[PDB]
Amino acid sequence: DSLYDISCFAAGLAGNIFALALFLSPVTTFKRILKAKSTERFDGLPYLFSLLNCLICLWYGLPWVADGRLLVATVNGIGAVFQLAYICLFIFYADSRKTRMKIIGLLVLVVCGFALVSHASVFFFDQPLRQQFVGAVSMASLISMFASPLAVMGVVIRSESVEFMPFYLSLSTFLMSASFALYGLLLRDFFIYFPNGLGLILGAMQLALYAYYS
């Protein structure tokens, strides 16, 4: 009765915290940027990607696009802020006109691209199609993000070292995916569960792979 509603609240809230560590992770890399006050070692795009991904999922969270999936709006809303901050700092601490011009442009594309689809979903669609369209787009967007953790695992093995795959980040993320998969499961929302379920698996292999290497 009252319990189920608190439980949905619990699963989402668990994720919103666990997500924070992941959001936090660029800062350690970012300090190295703050060092030498140059961006030479890394570009620099993923933040642009993460922001776009957060924006679309944020849209999904809003009550008109999907209802009772509001906790999801909060986490990406937090995340969109995180990615937005990283980029703004990235722009300031940039090496050359060329990086600065490139990142600014992509930010324009991301903001405009998101604006166009976010408007289009509400303008051109009436529920229940609007949810599945945003839900489909948001989900596809999320799975694409799995490319980076998959890549990091690939790096870890060949290198034979876990230096770049921190245990703290990997665990919090596994659990984050886990909370959300349950949350998706409770509303019987395919769009929340399936991508988050896939992330969990990736998180699971990451921990297991980590342990052997330790």
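The first residue of the sequence shown is number 1, and the count goes up from there.
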The stretch whose C-alpha atoms carry the larger average B-factor in the entry, 102-110 or 75-83, is 75-83
Given 179-187 and 52-60, the range whose Cα B-factors average higher in the PDB entry:
179-187
Checking the record values for 27, 153, 147, 65, which has the greatest CA B factor?
27
Chain thirds by Cα B factor, record data; residue 70 belongs to the middle
Using the B-factor values recorded in the entry, state whether the Cα atom of residue 162 falls in the lowest, middle or highest third among the modelled residues of its chain.
highest
For residue 94, the third of its chain into which the C-alpha B factor falls:
highest
Lowest, middle or highest third: where is residue 202 by C-alpha B factor in its chain?
middle
